[PDB]
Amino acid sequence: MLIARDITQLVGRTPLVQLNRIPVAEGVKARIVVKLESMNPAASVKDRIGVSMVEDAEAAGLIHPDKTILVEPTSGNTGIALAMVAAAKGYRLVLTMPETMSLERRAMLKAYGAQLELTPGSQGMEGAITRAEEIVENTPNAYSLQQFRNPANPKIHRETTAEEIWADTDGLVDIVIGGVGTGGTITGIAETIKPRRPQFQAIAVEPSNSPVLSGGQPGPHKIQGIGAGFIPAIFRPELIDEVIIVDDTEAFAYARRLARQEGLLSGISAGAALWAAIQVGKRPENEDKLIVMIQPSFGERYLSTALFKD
């Protein structure tokens, strides 16, 4: 019998899909395919790390459902992944999240029974992180899995996300394109694949308004889920070939086209990754290369935002 013990054993193992309209429309000479992290149980890539971080801490005896209050600052998806895990396992969970993130994210957290404290929009992720740190320092048995630092984040991507790409492309993937939030996705992919394919390229995507991976200064932007405003500790710049900066307008435009022209309803950051993959795929040296882009989230979580509202 193939019956999962619980929802945490059903995360990852997401499929690849080719694009059929957008690349030809933009004159792309490479082959662009999409890894659909929208098909995780709670509809984002973060399900993978919600599970891995919690399992890692439990195994080391660092947390226990009967006493630990999990606390995590989030732009939404990590909070939702942990909220699902917490609901399955019986953990109390408190999220801090900036008020600028989509209304759907707030409602998702509450639906799973987690506690949410919103932090001021002007303070961005820094405000969320500071508040979470204050809660953890002060509260007995509070514990932060710390998604920007936790080795279980890049590890699960090395062991699952990257292996899936490797298998599903029969070892022929040439380039992976991924927006950076925590950096775990693109880092874990590069770590696993580069040893097997020396010419493989790992390309990071960030908002042009907050180009910190590129050496620039942090700023406000609308690409929810990427552009934390600092370089995460887990991110390994030495493994990444290049950083592509993306305007908010292009992220929104390409995410809309994903839904309407490909039937791939997608978050804003998937739009940013596609715009980037288009630019890379048009380079003459990349003709007939196989480019996999990561689609981090499903677009239903974004209907209230400027992506689709009106």
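Quick note: we count residues from 1 along the sequence shown, nothing fancier.
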{"item": "Mean temperature factor over C-alpha atoms, higher-scoring stretch between 214-222 and 99-107", "value": "214-222"}
{"item": "Residue range whose averaged C-alpha B-factor is higher in the record, 121-129 or 143-151", "value": "121-129"}
{"item": "Assigned third (lowest, middle, highest) for the C-alpha B factor of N138", "value": "highest"}
{"item": "Modelled-residue ranking by C-alpha temperature factor, third containing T68", "value": "middle"}
{"item": "Cα B factor band for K46 (lowest, middle or highest third within the chain)", "value": "lowest"}
{"item": "Record-listed C-alpha B factor of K194: chain third", "value": "middle"}
{"item": "For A30, the third of its chain into which the C-alpha B factor falls", "value": "highest"}
